[PDB]
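Note sheet for the following structure.
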Amino acid sequence: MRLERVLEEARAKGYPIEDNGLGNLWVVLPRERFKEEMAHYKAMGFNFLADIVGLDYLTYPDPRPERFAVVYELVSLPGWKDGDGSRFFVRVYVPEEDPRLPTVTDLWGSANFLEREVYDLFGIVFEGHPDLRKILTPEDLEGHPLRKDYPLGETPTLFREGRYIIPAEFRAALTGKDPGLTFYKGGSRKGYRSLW
Amino acid sequence: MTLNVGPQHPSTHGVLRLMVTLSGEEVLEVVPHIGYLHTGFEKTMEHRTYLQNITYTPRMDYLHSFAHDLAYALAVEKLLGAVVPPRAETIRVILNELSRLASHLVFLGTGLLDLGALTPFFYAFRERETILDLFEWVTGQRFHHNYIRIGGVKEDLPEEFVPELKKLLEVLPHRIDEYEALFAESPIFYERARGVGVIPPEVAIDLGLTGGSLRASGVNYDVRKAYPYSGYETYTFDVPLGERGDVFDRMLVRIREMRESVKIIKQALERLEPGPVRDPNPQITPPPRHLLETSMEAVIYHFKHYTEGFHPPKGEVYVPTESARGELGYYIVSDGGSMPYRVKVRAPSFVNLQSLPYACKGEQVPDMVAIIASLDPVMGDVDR
Amino acid sequence: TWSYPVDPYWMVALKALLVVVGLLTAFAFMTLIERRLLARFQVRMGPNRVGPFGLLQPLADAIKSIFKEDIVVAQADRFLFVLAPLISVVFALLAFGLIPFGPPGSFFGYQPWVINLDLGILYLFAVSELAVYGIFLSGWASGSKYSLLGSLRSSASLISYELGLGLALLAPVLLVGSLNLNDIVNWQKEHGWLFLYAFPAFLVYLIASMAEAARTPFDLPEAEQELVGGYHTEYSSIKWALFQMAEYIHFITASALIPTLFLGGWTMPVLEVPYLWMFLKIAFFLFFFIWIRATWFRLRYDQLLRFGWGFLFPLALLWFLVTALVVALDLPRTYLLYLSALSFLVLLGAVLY
Amino acid sequence: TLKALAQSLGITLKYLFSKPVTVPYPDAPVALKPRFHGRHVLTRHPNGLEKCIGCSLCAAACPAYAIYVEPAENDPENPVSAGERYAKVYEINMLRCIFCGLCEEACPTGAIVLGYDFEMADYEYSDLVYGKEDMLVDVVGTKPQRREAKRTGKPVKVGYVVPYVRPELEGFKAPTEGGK
Amino acid sequence: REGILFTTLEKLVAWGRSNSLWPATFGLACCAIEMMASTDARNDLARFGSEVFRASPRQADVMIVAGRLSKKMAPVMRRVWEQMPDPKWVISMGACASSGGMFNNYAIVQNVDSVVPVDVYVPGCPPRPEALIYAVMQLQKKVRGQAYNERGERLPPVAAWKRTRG
Amino acid sequence: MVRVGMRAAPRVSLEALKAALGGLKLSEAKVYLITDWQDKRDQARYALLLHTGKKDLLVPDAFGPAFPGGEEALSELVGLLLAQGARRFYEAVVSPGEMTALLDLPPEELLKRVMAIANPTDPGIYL
């Protein structure tokens, strides 16, 4: 029930409402309204903060507003005091040159680790955090691994007499921007979805 | 005493480093330090085909893998719209509950051994051996099994699988009841675990402790019940709970969970009817192996499917499931290419771990090992 | 040693050397038997390998023990590092000769025992204290405070229950009236199996032996899975071997002392055979104790301190005062039999609630 | 619940006197299922022709890209494959191989199929690249096994028994359930 | 004295060290669970001499790298090798440890032989418990001077005996 | 980032590095000995990339036993780096063609790639 009220509260102020026909909902809040709105979101009854998922869209085929985008996942547990079960995502775009975003540690302690992880994997600093300390990558590692401008750093596979493989030039798989080995891709290899 | 509990020592399973701020025999606060297992599934998956990633999905949580297999398969299906045969869903819940039995066996064995007696490790683990053989029948592998597919399961079950399942299903109830008789009527375990491991649900939620130790605190939230995904809606289901979150209620809730999983396995086995094994959509299924010598389109589609794969549409998707450590799901961003643009994993063991300094706050020093084994962490899930 | 002769000094040295190498072989093969018995407990089976019965595997183990780079760790005390295993072993070997394995002359001519001191339990008590000495000293000398804390837990617990051992041993002294083991065994020959009179104190003796690293505090600690233990974790080739050797000799020493003191040290009402009954009672206690090793949990050293200090020791001194009244007034010898039987029925019926 | 200590002891005793459950490898052959994931084998047709037409599909289905397939042109007089192509060089890096079963799945001529041998522990990295003549069905044993059989004079004893070989393993000789 | 300098004594001590292999696991990933399973009541490495399990490294001769070796752990595990008594052996268990495996990326050591001298490699994923026993028997015959490579060479009893630690 | 030494001249590369290193303290430096073919070190060739954090140093492929006097030069080199207080040694395995072009990429990409692919290595393999 509270999700419908979220949608009605957001639509009045001009917030885009994203929806796929699969049962997943997005409400994109600007960064100004982000903090206060999500504070209100906790006040609206969001006990549980599932995820903080950061996204780097450098190599995405279509352009996006900003390079980085951080998505928080808000839920209300059905089995607690008054449990509805309404779960949804909030996306907030973060510039390449402005990896700033207020923490919800004060709101949810759940983001204590989660936000740290995104500072490790992305260059995104979450302002007001108790400790933004590199979690996963070694202390002497330079950079942020999950952003697309950071190499995966593969090593060649080894064989008997000088026969070696460099997997990046061995992949028959394509990416979204990879043109393929023929003049073009259309049809199924431009995006494919069955009509149930 | 800012004590440096190093990685793997003293015998801290699931390689993890601890800084125990400690004066006396209490525990002031434990500062955990992780990352010693960072392998990069979220990064390597950006450079691997959708079908190839099913070989990468079980390896994160290596104990309860079939929940990862299911989550990934369901997410990609919803992303491109595959049609799951009913028998595939039945077999998927069978394998899911079976790997859950094996995961829970390992969790309680490691916990009892870590502090307590060394004997009860073997018996439970012995039953685990039996379970493992079942997978070898059908998958040819102990774990890290590549049996699931986008449509359903890889291929059909042998004749010899089900009777071994029935053997194990009949011997198991007495076995789980024996572990429960040994433990629940705790002679010394009661004076060890009943008090320790405080789980107030308010802070457990504030930190996001979803993994089955929240229901030990009296929160009735199960993904199999709250968000039915793979037909769990079609099963008679009792959800165990705990009165006050402690290690005793946690372990007993998980034992009752093992019995509830055995009951679900029986229930699904009864309603099993022969049929197909996966979604025949040629864009999603390679052509059957027998018409590879008859049809051209078969050769082209087999070749293409196994080299290029398929290209799901541009979009994002996510699906929830209940694993032995909590809410699990893959946030998959696809760019219309053979390999996913990004796969983010909601690692239930990652958010479950923020509640350790709180749980082992003020508790004894020896109990810090039990309170960690009782939290059931799989560091393949955390570090990831 | 009022009625017992004295062997020559050379014969005493011969018997001593024989007892020491026999304790060596015994602890090796008892490591084998404990391995296999724990194995049988958890339906896996033990080393049907290098033996057949495994009885050549300790040789390989000893062969590893030397050549294994006995290392002198830096930040460790040069002298105590090497000295502490020697202390722990020296003061563990002895206190086993006093145990009578037969009536006088049943060593094929000279003496079943090595030394039969007039004050035996005091000698046992002192050399039991010196084992804790070696434990916590090695813990200190290691130069690792992590292992030091484990040495401190070990020493505290062992010391507390080692104190309880005195009040445990008080009760039968009143009846027998001598501090030599042979008089006590002969009293169990005449009146019969002193534990029938003093079963409760027997209990607080038995459990006391559990605290001497036998098992079920099990937060002694061993370096594993808890605040690491002391007296190891820094010794590699032979000194570690000496630590384990002394601990196991202490285990078997308690397993041998428990029947000698309260139950029937060999001295059987039937067949009166010198050595075989004592070794078989040692085997019984050892099997029950390995059952405990396999079958029971830890205690965390806090509840261990509570149970020893608040429960065992006051009970032992209460029974000592009871027995002291009874003996000084000497009214019957039956009253203690009746009271111990009643007390056992009490501490038994309260179990199956 | 003081009774629980005695109950625990009682159950450990019952299980003590129950001896059996264990298998003494290598003295007892491990029972493996027919679908087990083991050492690769290359199968040949009944004519004796090799099935590998060197189409390098097993290498693409590798998530590690661990298979190297150099192809070559058949000699019509004494051919190796049935078509116009064969595998001159067919190597697998057992240290790169993860044992999926995707290569067996992608082989269109049924040449590459996972077997049952697991005894491929060896000492050197460069010795763990299994070759074609190290995986042909006609070969009996794993690399260290065969090498020990040569430097020892004793034939190879496999540490496994299976109820049967699958139809996909046509030709693969294995111990079958006690038929021998 | 290194188990050498007498024709009978060195064979004797090789026998002893071989059947006295004291495995010290360094459990890292899903390889480690298949090693722990090599201790249950179907297939126990508890016969050949490997029953006792001393977590301390000062006390064990065989070091089994069972799992993926992430770089952040590389020195720590490393030091456990330096803090071992000298007659010590190192086994590399599994694909991620032996080679880079399928995780051919920035994070994982592509051969654990980089930080520690590896004795035997054992492929598999995970290597079957019976395969891990095979590798420990392999190491048994290796320290007996009974092990040869494909090139005809005999392999020395102890790897980590030939390296200038630094 | 500076480049000293010359390809396939082990003694020239080693003497030039002796001169250029000077009194630079390497307590926090990162040593990257770049090679190909993990297993076979008897014929190995090595480049070197030393990242101080303040400035970097590049030595082309002139080290390793693959060249006359190369094994003793790599031993002297790693001994020198350890003498100056380094603890962090790394080895990157690149394709043969990468060894050549990677020294001709711009400094930022070469350094980022080497740092991303480097494996912790025991200097004992080079001593």
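Labels for the chains are A, B, C, D, E and F, by order of writing; each one numbers its residues from 1.
Just so we're on the same page, contacts are C-beta pairs under 8 Å (C-beta built on N, C-alpha and C of every residue); 3 or more make two chains touch, one makes a residue touch a chain.
Per UniProt, the chains are A = NADH-quinone oxidoreductase subunit 5; B = NADH-quinone oxidoreductase subunit 4; C = NADH-quinone oxidoreductase subunit 8; D = NADH-quinone oxidoreductase subunit 9; E = NADH-quinone oxidoreductase subunit 6.
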- Note on the structure: Ranking chain pairs by contacts puts first A-B
- Message: So, comparing C-alpha centroids, which chain is the farthest one from subunit E?
- Response: A
- Note on the structure: The distance between the C-alpha centres of subunit C and subunit F, rounded to whole Å, is 62
- Length of the line joining the C-alpha centres of subunit D and subunit E, rounded to whole Å: 23
- Message: For subunit B versus subunit F, what separation do you get between their C-alpha means, in angstrom?
- Response: 44
- Item | Residues within subunit A bordering two or more other chains | 137-138, 141, 145, 151-155, 157-158, 167, 172
- Residues of subunit C whose C-beta touches two or more other chains: 41-45, 48, 223-225, 294-296
- So which bits of subunit B are touching at least two other chains? 9-11, 35, 38, 40, 43-44, 48, 52, 55-56, 119, 122-123, 126, 188, 307, 383
- State which pairs of chains touch, listing all of them. A-B, A-D, A-E, A-F, B-C, B-D, B-E, C-D, C-E, D-E, D-F, E-F
- Note on the structure: Residue positions on subunit B within touch of subunit A in the complex are 34-35, 38, 40, 42-44, 46-49, 52, 78-83, 201, 203, 205-208, 210, 219-221, 226-227, 281, 283-284, 307-318, 327, 331, 333, 335-339, 341-342, 344, 346, 350-351, 353-354, 383-384
- Query: Across the complex, what residues on subunit F touch subunit A?
  - Reply: 30, 36-39, 88, 93-96, 98, 112-113, 115-117
- Of subunit D, residues touching subunit B in the complex: 1-5, 7-8, 11-12, 15, 21, 32-37, 57, 60-61, 63, 98-102, 105-106, 108, 114, 163
- Given the complex, residues on subunit D that touch subunit F span 124-126
- Per the touch rule, the subunit B residues reaching subunit E in their complex are 6-11, 13, 15, 35-40, 43-44, 55-56, 59, 62-63, 106, 122-123, 125-126, 128-129, 132, 142-144, 380, 383
